Amino acid sequence: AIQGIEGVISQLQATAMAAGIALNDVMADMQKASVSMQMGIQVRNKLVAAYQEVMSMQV
Amino acid sequence: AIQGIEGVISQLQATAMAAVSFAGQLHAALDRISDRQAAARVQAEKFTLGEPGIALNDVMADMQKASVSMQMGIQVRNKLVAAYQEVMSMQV
Amino acid sequence: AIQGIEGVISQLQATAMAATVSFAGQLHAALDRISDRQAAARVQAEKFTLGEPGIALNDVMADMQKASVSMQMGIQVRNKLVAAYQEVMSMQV
Amino acid sequence: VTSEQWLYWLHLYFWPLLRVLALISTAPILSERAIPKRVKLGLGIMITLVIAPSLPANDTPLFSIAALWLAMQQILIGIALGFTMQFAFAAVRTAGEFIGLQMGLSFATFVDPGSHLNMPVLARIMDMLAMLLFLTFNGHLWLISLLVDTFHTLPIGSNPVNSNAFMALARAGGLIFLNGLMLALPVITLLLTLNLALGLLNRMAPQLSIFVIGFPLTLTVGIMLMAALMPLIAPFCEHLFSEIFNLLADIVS
Amino acid sequence: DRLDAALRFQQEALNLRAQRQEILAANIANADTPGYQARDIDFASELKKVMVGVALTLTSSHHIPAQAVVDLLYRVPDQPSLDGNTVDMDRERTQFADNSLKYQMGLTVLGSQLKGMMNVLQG
Amino acid sequence: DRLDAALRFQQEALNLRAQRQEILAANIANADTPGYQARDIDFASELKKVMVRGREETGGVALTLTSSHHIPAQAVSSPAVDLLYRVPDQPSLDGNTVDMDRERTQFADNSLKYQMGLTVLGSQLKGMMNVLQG
Amino acid sequence: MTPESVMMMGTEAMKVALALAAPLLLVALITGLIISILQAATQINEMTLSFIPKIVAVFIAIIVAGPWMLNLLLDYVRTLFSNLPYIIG
Amino acid sequence: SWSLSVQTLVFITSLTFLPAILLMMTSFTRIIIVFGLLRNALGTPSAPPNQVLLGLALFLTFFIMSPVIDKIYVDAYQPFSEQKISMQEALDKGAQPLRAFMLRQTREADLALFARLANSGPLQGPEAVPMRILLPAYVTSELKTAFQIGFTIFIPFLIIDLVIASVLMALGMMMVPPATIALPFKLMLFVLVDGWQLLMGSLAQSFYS
Amino acid sequence: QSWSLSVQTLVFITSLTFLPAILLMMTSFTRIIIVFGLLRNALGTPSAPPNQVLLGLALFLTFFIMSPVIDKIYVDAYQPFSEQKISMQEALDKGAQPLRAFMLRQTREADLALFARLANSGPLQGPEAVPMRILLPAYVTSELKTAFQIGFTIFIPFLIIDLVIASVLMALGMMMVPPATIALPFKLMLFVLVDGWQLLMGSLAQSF
Amino acid sequence: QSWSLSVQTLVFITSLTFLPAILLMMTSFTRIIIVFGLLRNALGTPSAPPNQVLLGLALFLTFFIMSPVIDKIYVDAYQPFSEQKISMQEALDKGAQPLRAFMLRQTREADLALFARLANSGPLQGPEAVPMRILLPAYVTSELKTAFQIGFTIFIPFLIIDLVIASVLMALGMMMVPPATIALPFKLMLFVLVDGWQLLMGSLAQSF
Amino acid sequence: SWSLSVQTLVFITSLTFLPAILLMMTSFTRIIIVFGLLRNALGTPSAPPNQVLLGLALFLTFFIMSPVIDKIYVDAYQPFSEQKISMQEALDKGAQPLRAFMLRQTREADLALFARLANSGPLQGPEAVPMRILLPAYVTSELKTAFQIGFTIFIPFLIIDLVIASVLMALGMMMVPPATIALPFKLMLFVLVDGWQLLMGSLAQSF
Amino acid sequence: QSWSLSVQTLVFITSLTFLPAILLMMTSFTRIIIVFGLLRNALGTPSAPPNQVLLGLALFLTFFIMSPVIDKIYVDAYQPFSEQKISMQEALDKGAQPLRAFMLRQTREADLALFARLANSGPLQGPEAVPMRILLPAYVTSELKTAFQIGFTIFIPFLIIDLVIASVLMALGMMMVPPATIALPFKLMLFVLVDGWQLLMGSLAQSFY
């Protein structure tokens, strides 16, 4: 993109300043997605529990 | 329906003016697996029939492939159900 | 019974006038289907063990395996129904 | 073939689900505990199923601090929307509780503040009347529509944020008081006059008045006054909802 | 039952293979009988016929249910014997071995179908 | 990213095991074809190569399908692995170097190593579900 | 369904509450005022003797008009529950 | 059609979503919300135990959804069981009576909103609405109807507390809790005016009207 | 005709899942537990006897009340079924009779009429024509109504004590005291001098 | 007659499941817990001693009170069973007797009569033959009544203190001064001075 | 860098203490106590719901932590991506702004008490105060500050109540309770001066 | 003599469940939080600091108080455990002794005597031979009594303020003025100027010594 090339030159300025599919793949990505979804569910559950504990307060 | 064809022409007019999904993918996978299994079964029945040209090697290999595909479908269903149960267990 | 014949004539009058799903009825019909399949396979094995002509061993084994598949069908449906009922009844209003 | 790329679908369906569910758990009527949890989760899931395919999918991994920042952003947006909506019901509850306290309904708070003995029954009456009015004016549909619309204004992707904007929501805490005063005003003032009248009676022969004649008279007068004042809340109800909604529209951006 | 319709073809093929196996072994056993004709069945036609009934009605409990109760083709002789026996050793030995092999194949296919139907259910 | 990087070594080793077993099965299939030099790959060097630079394919191009009625078709495709020749043991008049003892020993060894990779990857994934589950 | 129907719902409800509570409150108020004016006439002032007849009067009020309140409130609730499925939206 | 293994797999998988069908596609939500709200109203948060209310709601839903289930059985389950309609068409045939039942009880505003949110084309008649639009519209309409019913239910039980507090306050007993006095009177009211028959009949009419 | 033993085992072990549901909806557990909770609310203290003690006591009371019905079921269904004299389905049908009679004896007519209206029932006839799926919700509704009727009159004496104490305290002059605080010991005194627990169990048992 | 080992361990684990019910309905835990809750309510401090502290105190007091019964069960029943002298059935039957005697010692004859008449039991000669299904609910009811008696009696000194402070404040004209704020510190002082905690625990132990 | 699974375990475990972080480490206690005392001042203990007060305190806490959140983003969020610093050196580096903020808002007396409670003699410098000594001292300082702000809020409402009672007594009334008369005047004073916005401005200025 | 690794892991994880019980009945926590539960009552604000703030403050104060006991347990018992010079049984026997001494020094003799008599224990030669079953409930009883003593003493200055304010209000003829609302800000004044929180925590810590 024109804006994409703008971003490339921006990252160059940043550097300046700083100075078919098989079962093997199907199953592995399937498991990885299951793991990531479980992680997201657990993190959200922790956040929701913390929020409800905060809001169940008594001021 | 007459009103149904009216709706079809209306959607065609909509396309004129203006100028696949997960369930669809699962349906496609189920159809593919069932079609493979039916093809293997039909070839096996043809061999059992005595019709010429059908080799036992191909029958047995196709049955093997159909079994593997069925097992793949079973595993996908198992996981999918597990993920759905995990999502529905989330406390809101 | 006298009252039983009264009920028969009452059902005949009902048919005259006429000229409803049941989940319990459907479960009873399914359990009957499984039980008669198992009993038919068992009786076939009975006759084949007793030595009666006309019964084949491969048919005996195939009928037994069909009965096993039917019972597994029933067990899985039972598991799903019990899990659904428990999850519905574990909810709080 | 038989790809079914799972990460793409997960990243497409997750963050809109997080934002929708964050709004659901805090938005009034949609956040009431009487709804079973599974109903709320299913409503969020179905709304996300309808909305997400049109949105551009994000590719940030769930196993990164960027995912945590995204989740925090969605939670902040949802709770901000729900709470800004809840402010109006807070104002109505305040006005009702004050009318009830000028009724003398709960006199034990003036002597024992927060002593496990308080019944703001008028506050509850007007709170549920306000909920009924909000249901009638289809405010919840609007809330859902605005939850969808805040994407175009603020996309899922991590975007920079501002400051006094938060103050605005916090400064909305003034409205709860300011609008509450007006609703009361149409009744408390006359009640005040009534109390003033009772004072004139006590300027006569000492004692023998107040706590024996004032309470029943003022209770009946408050009852019939605000029973007549009931038709007045609905225009004020729409005014409160419009204030909350356009404040949300102006400040969320 | 739908379960019968799926397994009907293989069960009928297995039963027909067993019957033809019995017929071939009877041909082998009666090889020395003078005047015995070697009989056999056409597997495909009989399989069509079996693949392509009315249980009497039981009004009450005492009523008794209905009680239940192939065509043989002569083999074309190859060599003329003097005692009228047309059984040829080589032809029927090959047919016997082939029928044994096909019976094993049918058992394998039927077992695979049942095992698939089972692993669909197990869980 | 982190989870993808942590499980990438064993996943790539298992994929390379699969490709090596495909090659060994091809060698076993062509064991009686006259004039077929047995092919095999150096597992360690190719594994490190796939590790540093991602997996690539010789061609694997295919007809594009914009419409829903376009007929799908793909041309020949194969990995970017270096197919090396195995040194023959003893000469043969037909001219193939597929020595069956070597083929079956490599087949069994690759089989066990692929099962080992499956065991390691499954253990890691459970070792992670154990943490997440709650 | 319309907000006019809702606000009417609240008004009629709370007028029913007013009708239920008006006899008891008015009886108590009249008794208190009478006892107060008698105290003023007699020049007697104790804050406890006005509390005595009020309880008796208010309790008699349930004897006399209690059935009327019980019949009015039940009729209101019965009509509300019967008309519930026609004001649904 | 699908192979028998695939059909069995699909049947077993679809047996899982029964609670989802009961909660998001059935009359259960309104009844359970009304019961929870009524229990909140009478002041006994643990009175009819959750299991009793759940069983009553299940029986009410079974009695209410009877014509829809009958139509599904006569139109979809009967031809499917007699090998006249394939497994992948029985679902489509049976999803129509449930869709009609969900439509009648839904609301225009919700339908318009969820037709706009999907960026779908104009829907000139109800016959062009897909399930992806009707599902959440029906859910939102059911939630709003249940909350309306519960909030008009709540009014008398708060009226009684209001009058109790006012009467207590007339006599100067300012330190007497009003809830403890009002709870027996609320129970007496709910006993007198056929508390449950009227509520049961009102909910059932609320569905068939 | 009889079911196979595997089918019998499957049905028998599946039916044990509805044991809490049977105990709650179909037996006397609901009324007793509701009355006990209301009495706890009426005592002035919300959790004086732990929920566990009340639940166990209600279970024992339910067993004692239903013992005649259990005996009738055992004589009619359990004993002839275990001796292999009747089938499982016929045993269940025979054993449903005494429980149906027990449920009918405590069922309000209006509840049964309403739930027959909602189930499209037309010519019902004998009290012995009501199906189980119609009889059960009517019984539950009648039990809830009866429990509320018992609770709101259990509340009466404690309200009397509360009002008397509040009136005496305020008329005497001490209007700043909390009447409930002084009233709670007197509520306990009234409950123990009347033998409230024993009399309450007697009344609950004689309500059937 | 001796149960096989697998049946024995099945019985043991199933019985271990019922442990809280035995603690609540067969030991002295319920009465101590009720008295502690009423005492906490009586001081005007609804949450000063955390529930866990009072539960632990009640558990330790129950263990100390029931030590003689546990010793009798060990010596007479459990010890021969652990040395394989007697089977599990007879060991349980022998172990029931000391606990049954303890529960009969602390029950009221009226409640026993109520539950016997309710259960339609035949005439029973002496306390030797009374079924556990009859004794357990009667013992629970007697424990509830005794706990309420003790709590109501305990409520008296704090009532005296509240009344005297309210009267002292009222006689001074202080009409709008609430007496709870002044009474709570003096309730604490009264309970501290009389060595209230140890005295009340000693009184509870002595009543058993 | 240690194992990814251990990192996940630690992250999810630390997610549990989020209310502890909000209460003990941020200022949330101060705003919540100020809101409670202000509600007690107006004489209505249930006029704004506890939920609304909690959410308002949450929004105020988010704004007043926005500079510290920005410093955390600069020192921890960004360099964790460029991998110049990560895991240990960074979590502590990101927690450093919290340490600076809590040192700023903590009195010296509380820190001195909690040090002599831990026998930490050689604590000489003021930028190396351990978290164990810094946290409860900060909480106690927040309690004192919140009580002081609550008293300052109390002063005008107490003045209004006293004035109303004095005028009632001077006018001849001896039985009329002044709370009923003074409540609407308290509200009209609170609204007219726009008490809420100045209160939040002062709280933000109070740091 | 040492336990097996499986048994050691089982015992450790099982004993990890008793952490709240150990904290309440064996450490200082019981005396602290209870006093807080009374202090928030003395100030006139039951809301006060939130419950979680007070609980965590009590937890930190408890850790600071038991730092010497924890250090002694770590040195005498757990260090040989980590450095393999002791078993789990001997570690459990040895590590409890400093905690037993800490519990005994705050245990009133009367309560200890009461629980001995109630357990029918034989003649205990000296403090060192007191069983834990006798020391635990006696320590809890003495802890409750001491906490109530501290709370009642704390209740004094606020009572002084309330009495003075009420007397001033009544001496002026302002009889209808509730003095609680007036005296609450002055109670907050008293707690602020004297540095009530720091003084109270210092007093508690010194009391445990």
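Residues numbered from 1 in each chain as written, not as in the entry; some residues may be left out. Chains lettered and ligands numbered in written order. Part of a larger assembly, values for the part shown. Heavy atoms only, no water. Residues with missing side-chain atoms left out of burial classes, pairs and counts.

So, the overall build of chain E
The criterion, for reference: By definition, any uninterrupted DSSP run of H or I lasting at least four residues is a helix, any uninterrupted run of E lasting at least two residues is a strand, and each is numbered from the N terminus. Each radius of gyration is computed over the set of C-alpha atoms, and the globule rule expresses the reference value as 2.2 Å times the number of residues to the power 0.38.
Each helix and strand counted, chain E has three helices and two strands in total. The secondary structure elements of chain E, listed N-terminal to C-terminal, are α-β-α-β-α. Computed over the C-alpha atoms, the radius of gyration of chain E is 20 Å, more than 25% above the 14 Å expected from 2.2 N^0.38 for a compact globule of 123 residues. Along the first, second and third principal axes, the C-alpha set of chain E runs to 60 × 45 × 20 Å.

A few points about the overall build of chain L
For clarity, the threshold we go by: Each residue's exposure class comes from its accessible area (1.4 Å probe, protein chains only) as a fraction of the maximum for that residue type: buried when under 20%, exposed when over 50%, partly exposed otherwise. Contact definition: two residues touch when any of their heavy atoms are within 4.5 Å. Surface exposure here means Shrake-Rupley accessible area, sampled with a 1.4 Å probe, where a residue is shielded only by the protein chains that are shown. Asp and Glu count as negative and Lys and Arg as positive, but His and the ends of the chain are not part of the count. Charge coordinates come from a single atom per side chain, which is NZ of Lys, CZ of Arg, CG of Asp or CD of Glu.
Helix and strand counts for chain L stand at nine helices and zero strands. Across chain L, helices and strands are ordered from the amino to the carboxyl terminus as α-α-α-α-α-α-α-α-α. Its C-alpha atoms give chain L principal-axis dimensions of roughly 80 × 35 × 25 Å. Counting across all 209 residues of chain L, residues that qualify as buried make up 50%. In chain L, of all internal contacts separated by at least 6 residues, the share reaching a separation of at least 24 is 74%. Accessible surface, chain L as shown: approximately 9900 Å² in total, 66% of it carbon and sulfur. Considering chain L, the positive charge centre built from 12 side chains and the negative charge centre built from 11 side chains are found 6 Å apart.

Some words on helix α1 (residues 2-18) of chain A
Basically, it comes down to this: Expected span of a helix, by definition, is 1.5 Å for each gap between consecutive residues, and there is one gap fewer than residues.
In this model, α1(A) (17 residues) spans 24 Å end to end at C-alpha, consistent with the 24 Å of a helix rising 1.5 Å per residue. The buried count for α1(A) comes to zero of 17 residues, which makes it a mostly uncovered element.

Section: the interface of chain K and chain D
For clarity, the threshold we go by: Joining two parts hides part of their accessible area as seen by a 1.4 Å probe, and the buried area is that hidden amount summed over both. For this analysis, a salt bridge means a side-chain nitrogen from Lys or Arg found within 4 Å of a carboxyl oxygen belonging to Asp or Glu. Pairs of N or O atoms are called polar contacts if they sit within 3.5 Å, as long as, within protein, a hydrogen donor faces a hydrogen acceptor (for residues adjacent in sequence, only side-chain-to-side-chain pairs).
Each partner contributes residues to the interface: chain K has 43 residues there, and chain D has 46 residues. When the two sides are added together, the surface that chain K and chain D hide from each other amounts to roughly 4000 Å², 82% of it contributed by carbon and sulfur. Linking chain K with chain D are zero salt bridges, by the criterion used here. The interface formed by chain K and chain D includes four residue pairs in polar contact.

Points about the interface of chain B and chain D
The accessible area lost on association of the parts is a frequent measure of interface size. Our working rule: Residues are grouped as follows: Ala, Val, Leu, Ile, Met, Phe, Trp, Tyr, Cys and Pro are nonpolar; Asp, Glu, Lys and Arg are charged; all remaining types, including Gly, are polar.
Listed per partner, the contact involves 12 residues of chain B and 11 residues of chain D. Linking chain B with chain D are zero salt bridges. Linking chain B to chain D there are two residue pairs in polar contact. At the level of elements, α2 (22-49) and α3 (56-88) of chain B are the ones that each hand at least two residues to the side of chain B that touches chain D. Top element by residues in the side of chain B that touches chain D is α2(B). It accounts for five residues. For the side of chain B that touches chain D, the class distribution of residues is eight nonpolar, three polar and one charged.

So, the packing of helix α2 (residues 8-29) of chain F against helix α3 (residues 43-52) of chain F
Residue and element names in this part refer to chain F. Definition in use: For every element, the axis is a line fit to its C-alpha atoms; helices are fit only across the contacting stretch, and the angle between N-to-C directions ranges from 0 to 180 degrees. For this classification, under 35 degrees means roughly parallel, over 145 means roughly antiparallel, 65 to 115 means roughly perpendicular, and everything else is oblique. Should the near helix be turned anticlockwise from the far one by less than a right angle, the crossing is left-handed, and should it be turned clockwise, the crossing is right-handed.
It is the contact of α2 with α3, at a shortest axis distance of 10 Å, that shows an interaxial angle of 130°. On the basis of the axis angle, α2 is oblique to α3. Here the hand of the crossing between α2 and α3 comes out right-handed. Each of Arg-8, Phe-9, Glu-12, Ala-13, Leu-16 and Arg-17 in α2 lies in contact with α3, whose residues at this interface are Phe-43, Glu-46, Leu-47, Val-50 and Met-51. The class makeup of the residues in the contact of α2 with α3 is seven nonpolar, no polar and four charged.

Side note on the environment of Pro79(K)
All names here are of chain K. Turning to its location among the elements, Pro-79 is positioned in helix α5 (residues 79-82). According to the relative accessible area criterion, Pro-79 is buried, its value standing at 14%. Distance from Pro-79 to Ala-90, taken between C-alpha atoms, is 8.0 Å for residues 11 residues apart in sequence. The contact partners of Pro-79, leaving out residues within four places of it in the chain, are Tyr-73, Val-74, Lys-84 and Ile-85.

Considerations on the UniProt feature "transmembrane region" in chain L
Residue and element names in this part refer to chain L. Under the convention used in this document: UniProt positions are given in the numbering used here, feature names are shortened, and annotations may be inferred rather than shown by experiment.
This chain's UniProt record puts "transmembrane region" on residues 10-30, 53-73, 150-170 and 174-194. Secondary structure content for residues 53-73 is 100% helix and 0% strand, while the C-alpha to C-alpha distance between its ends is 29 Å. Secondary structure content for residues 174-194 is 71% helix and 0% strand, while the C-alpha to C-alpha distance between its ends is 30 Å.

Observations concerning the packing of helix α8 (residues 156-172) of chain I against helix α9 (residues 179-193) of chain I
All names here are of chain I. At a minimum axis separation of 9 Å, α8 and α9 run at an interaxial angle of 135°. Our classification of the angle between α8 and α9 gives oblique. In terms of crossing hand, the pair formed by α8 and α9 is right-handed. The residues of α9 that touch α8, namely those facing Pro-157, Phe-158, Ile-161, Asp-162, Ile-165, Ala-166 and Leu-169, are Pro-179, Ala-180, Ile-182, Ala-183, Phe-186, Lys-187, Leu-190 and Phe-191. A class-by-class count of the residues in the contact of α8 with α9 yields 13 nonpolar, no polar and two charged.

Structural notes on the arrangement of the chains
Of all 27 pairs of chains in contact, the one with the most contacts involves chains D and K. No interface is formed between chain C and chain G, the nearest pair of C-alpha atoms being 21 Å apart. Between chain J and chain K there is no contact, and the shortest C-alpha to C-alpha separation is 10 Å.

A word on the side chain of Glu142(H)
On the secondary structure map, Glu142(H) appears in helix α8 (residues 131-170). Those residues in contact with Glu142(H), other than ones at most four positions away along the chain, are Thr26(H), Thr29(H), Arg30(H) and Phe207(H).

Quick notes on the side chain of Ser167(I)
You can see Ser167(I) is positioned in helix α8. Within the structure, the side chain of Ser167(I) is placed 2.8 Å from the backbone oxygen of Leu163(I), a separation counted as a polar contact. Every residue in contact with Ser167(I), bar those within four places of it in the chain, is listed here: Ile55(G) and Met173(H).

Remarks on the nonpolar core
For the record, the criterion: Side-chain atoms within 4.5 Å link the members of a nonpolar core, which is a set of buried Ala, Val, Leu, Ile, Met, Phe, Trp, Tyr and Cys residues.
If you look at the biggest cluster of nonpolar residues, it comprises 454 residues, and the most contacted ones within it are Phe148(J) and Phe28(K). In contact with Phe28(K), other than residues within four places in its own chain, are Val54(A), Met57(A), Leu22(K), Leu23(K), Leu54(K), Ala57(K), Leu58(K) and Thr61(K). Counting 15 residues, the second largest nonpolar core, distinct from the first, contains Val35(A), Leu3(F), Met128(F) and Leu15(K).

Comments concerning the packing of aromatic side chains
As a reminder of what qualifies: Pairs were defined over the aromatic rings of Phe, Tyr and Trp, the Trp ring being its six-membered one, requiring ring centres within 6.5 Å. Orientation was assigned from the angle between planes: stacked under 30 degrees, edge-to-face over 60, tilted for the rest. By the criterion adopted, a ring carries a charge over it if an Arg CZ or a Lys NZ lies within 6 Å of its centre and within 35 degrees of its normal.
Counted by the stated rule, this structure contains 62 aromatic pairs over all chains. The residue whose ring lies beneath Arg31(I) is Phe208(I), and the NZ or CZ to ring-centre distance is 4.3 Å. For the cation-ring pair, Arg31(L) lies above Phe208(L), with the distance from its terminal atom to the ring centre recorded as 4.2 Å.

Notes on the pattern of salt bridges
It is possible for side chains bearing opposite charge to pair when their charged atoms get close. By the definition in use, this model includes 30 salt bridges over all chains. A salt bridge links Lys102(E) to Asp98(E), with the shortest nitrogen-to-oxygen separation between them at 2.7 Å. Taken together, the residues span about one helical turn, with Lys102(E) and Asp98(E) both in helix α3 (residues 89-121) at a distance of four residues. Overlapping salt bridges, with partners in common, bring together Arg37(C), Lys66(C), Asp1(E) and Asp4(E) in one network.

Concerning a nonpolar patch on the surface
All names here are of chain I. Using the following cut-off: Here the term patch refers to residues with relative accessible area over 30% and no salt bridge, with like charges joined within 9 Å and nonpolar side chains (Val, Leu, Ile, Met, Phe, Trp, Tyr) within 5 Å.
Residues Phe-12, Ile-13, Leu-16, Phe-18, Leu-19 and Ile-22 make up a contiguous nonpolar surface patch of roughly 540 Å² in combined accessible area. Among the secondary structure elements, those contributing two or more residues to the nonpolar patch are α1 (5-15) and α2 (19-26). The residue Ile-22 is located in helix α2 in this model.

As for the environment of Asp63(C)
Mapped onto the secondary structure, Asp63(C) falls in helix α3 (residues 57-89). For the pair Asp63(C) and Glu46(C), spaced 17 residues apart in the sequence, the C-alpha separation amounts to 12 Å. Excluding its chain neighbours within four sequence positions, the residues that come into contact with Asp63(C) are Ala41(C), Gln44(C) and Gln11(E). Looking at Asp63(C), its side chain comes within polar contact range of the side chain of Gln44(C), at 2.6 Å.

Section: unusual backbone geometry
Within the chain, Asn138(D) stands out as a residue other than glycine whose phi angle is a positive 55°. When you line up the elements, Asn138(D) lands in the loop between α5 (121-136) and α6 (139-153). Of note, the phi angle at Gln84(L) is positive, near 50°, even though the residue is not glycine. Here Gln84(L) lies in the loop between α4 (51-82) and α5 (88-105). With a relative accessible area of 64%, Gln84(L) lands in the exposed category.

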